[PDB]
Structures are given as C-alpha cells and as structure tokens.
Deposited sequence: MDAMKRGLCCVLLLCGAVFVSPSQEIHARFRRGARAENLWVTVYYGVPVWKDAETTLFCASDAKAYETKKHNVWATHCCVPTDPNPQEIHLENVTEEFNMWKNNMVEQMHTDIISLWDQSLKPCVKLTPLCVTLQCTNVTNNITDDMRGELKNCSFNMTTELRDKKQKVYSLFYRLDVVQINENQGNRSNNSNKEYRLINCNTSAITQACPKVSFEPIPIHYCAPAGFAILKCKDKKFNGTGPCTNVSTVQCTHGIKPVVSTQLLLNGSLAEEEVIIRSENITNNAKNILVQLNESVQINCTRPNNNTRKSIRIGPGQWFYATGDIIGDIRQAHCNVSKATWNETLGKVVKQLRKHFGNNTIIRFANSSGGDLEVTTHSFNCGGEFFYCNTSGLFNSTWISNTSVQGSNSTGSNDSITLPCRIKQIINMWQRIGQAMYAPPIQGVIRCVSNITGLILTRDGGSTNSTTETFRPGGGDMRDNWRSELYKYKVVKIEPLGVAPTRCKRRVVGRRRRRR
C-alpha cells in the first residue's frame, strides 16, 4: 500500500544541446564578445563522454566564424585595388630568396570623384598573380576587405558557460582517450579558459597531458581519420620575421585608408622558426612508443613530409606565417636546432572559404613570438605518418574533449508510505 510522491529538485539529468554564452577573465575581438566576467566532484557518478559527437565544438566553431566576419564587416574595402599593377622585383639587399618581393605601381582613386593618383607598394609573391603586368589574387571570386589595424585578433582565454537549467560535466580521468565511460566526473559552470588559437598540423598553446602522451581518434583503424596527439611536455618553437618593415597609409577615399607595405630597412631575410632539436627527437620518441601500442609490437614507424595544408599556417604578431614542417617530420624509429623556412602572405582566404578574403595590413618593425607546441595532428608492413589537418573543428576538439553539456530535469516520482489527506 505505497503511494506516489512527487519530488522537485531531484539530481537527475539528460544529454542536451543548448546555447552557451562566453565569459572572460577581466581593442580585441573576443574581449569585446566575452562580456560576462568570470567545481563540484560527483563522488559515485560514471558518465559516458564522446568528443567526436560533441556539440560544444560545433558551437565554438560557429561563434568564431561569426565573430570573425562581424569584425571585418565594418572595415574599409579594397575593391579600388582590383586594377592592373606594374610590378618589378625588389633587388636591393637580398640574401639567399629571389622572387618573393615585388615593387608594384598602380592608378588608384582619391577622395574626389574626378581625381586619380599614382602610388606604389610592396607585395609578397604569393598575393600577386601574373596576367610586369600583374593583378592581385582573387578580384574574380570574392572582394578583398582590409582588416582594421586597430583590431586585435590575439587569442585570449574563452570560457563557455552553461545557461541556467544546464550544467557542464567534466571528465577527469587522467588517460581519458575521448570516448566511453569516465569514472571521475565533476560539475562545472564554465569550461575553463580555452584560447582560440588557429594553426594546422602543430597545435600551439593548448593544454598538456598530465601523465603521458595521449593519442585520440574517432576510429584508430580508419586511415581517413585524423589522429590528435596530445603531448605531456611542450616543445618550444621560436618564430620570426627578421625584416624591418614600415607602413604607408594611403588615402583612397573620403576617410578611407589603405595600408601598404613600404620600404624595408636593412637586409631582406627569410622568415623562419627554430625548434629545439633534442626536444623534438625526445618528443617523437614518446609519440612513437604510444603509436606502437596501436600499430603493432614490431611495427616500424616512420614519419614523413605531408602532401595551406602542407604548411604550419599560424598567426604571429598579426602576420600570417606558412612554415615548412618537412624539416621536422623525417625519421625512422626502428644546442642544435631545426630551422624551418616560412612564407608570408597578406591576402588571406580564411576558414577554407573562397567567397570572402581579408587583407592583412603590414606590421611595422620586426616580429618575433615564442610558442608552445602542445599537440600534433597526424594522418595515416611498416607505417608512415604525415602531418595533416586544416579542419578547424579538430583543433577545438583538443580542448573541449573533456566537457559534456547536460540538461537538468529536476522532477520525478517514487513510491513511499504517505497519503495527501
């Protein structure tokens, strides 16, 4: 003779997809976006996680693309530059690159409808396509928009926070490989501080593994999938563009300005990155040991050069570097440094789209940055692995793999011995 009793505030939940909002630790595009300023252990909860079927990654990806476009939307367009250029090579003080820099002159608009001006600027070879008669790339598909020089795209930590009624569960299993049950689950309000760093092949400034190198994949036997390798120790990489650049601001219209690369002071030298050699050899040895566990006890593993996918492709100081990683991925496993040459581009077709293009104003001075390699993206009777990637969602999966969003459903019933009357 038991009766139905209704309980509200019950600790029960279901998997869910919702809208997360961004918080931050209190100009920069994310600082403006992440307007909200900024852990409970569940003693006997086992929960199932799956980083490959997550929604947080899709939502983060969407927010980044959207914010990026919003940032460029109000900036001056460079459609006045889709004219024929007269380009010759820069020959002064060139070390040995040769055809990388060109001195281009052209007929451009002015603030008056009835007046024209002759200007010149330097361009990188990769941004200019030959028809001495040249034009900028694109100008056929997409218009080029100049990024505002006052807007910062420096990544800052982003904290995704649950809306009321929802919670984020975090997996603390030290060796969690992205899927399946996790026995160390805690509840959090915000997903830690994650930096939206954009690169391919080598993932910079992410989280480190705590005990060993961890290799994660959707299907380890499916050669079509990317393998995300999380390192337990970082590898330091020192990148620079040694040339002393200047900038010329050209009025192109009524309050509209174009930023052109001006004369380079001193020698023209190649941009490059210095990877510590001993650290790199130890790093791969650890990766290989963990790979052998999946590819065979006596399987020989070799690394090889890949075939804006084959390059590192990262944003350093605001410039876009396309470094040659073939200097790293070349070995067989059964004070020195590795110098990787880097190409520089100003016209960027970002996020694998072609209907839009950005022009990055040149940055004056000399640029240097030092970054932490925290993980690798690899693609697959010996085995050979190559760098891969380019799909940005796979970078974000490396930081959000331990989080899951659930909906709280605090209402239910159970039998007991009381009657209402």
property	result
Stretches of the record's deposited sequence for which the structure holds no C-alpha atoms	1-37, 64-70, 83-87, 146, 182-193, 370-373, 401-413, 460-466, 508-516
